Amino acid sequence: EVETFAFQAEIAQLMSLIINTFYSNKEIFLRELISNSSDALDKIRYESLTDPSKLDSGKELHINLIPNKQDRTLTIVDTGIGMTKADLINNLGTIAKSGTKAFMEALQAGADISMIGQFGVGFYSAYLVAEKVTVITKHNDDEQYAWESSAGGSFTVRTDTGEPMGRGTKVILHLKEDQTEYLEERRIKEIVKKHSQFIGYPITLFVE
């Protein structure tokens, strides 16, 4: 049972720029996603200090990197705060509007795509390497949802009847045909060591 939504014009614009601009340093997408996971984990930890029951959905706070050549996907999994339906459909977009505006102006002023994180919109860097991104997420007091978008100005959201995750987010990157290097263990290990060696949570890189 799928609902389809239009990205706010600004977000659609950011995505086009990301997909269209010639920029070779694509590997920064992983750092942006791992960072978002780190932030989510930080929040659920902080919240658990005043309400321990919030960890009933899972006490483990970590990150998993799962590559799959068969499906040509790279999934970044975390046990963080998760996102609600309201987050996925309106709230995160509202916030992303200002970040986008600032980021695009900063670019014209000499900045580059690798700085997208300082504007709160790093998630969209996933499109530097993915033709389609599917996001499975579960927040403590909402249901598990599946958000998805191949850009083009729209995204869908549905209640996920798959396999329960308890609490957290899974960013599934359906890679572009010429970006399969991100499925190789050596390459992923290289990027993590280069841009995310100090994340304060365990990061497990699965092998195939």
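A residue's number is simply how far along the shown sequence it sits, counting from 1.
Looking at 91-99 and 71-79 together, the entry lists the larger mean B-factor for 91-99, computed on C-alpha atoms.
Just going by the entry, 127-135 versus 113-121 on mean CA temperature factor gives the higher value to 113-121. Within the group 148, 27, 141, 32, the record's highest C-alpha temperature factor is found at 141.
In this entry, the residue among 45, 170, 62, 59 with the greatest C-alpha B factor is 59. Among the modelled residues of the chain, residue 39 sits in the lowest third by CA temperature factor in this PDB entry. Compared with the other modelled residues of the chain, the Cα B-factor recorded for residue 153 ranks in the lowest third.
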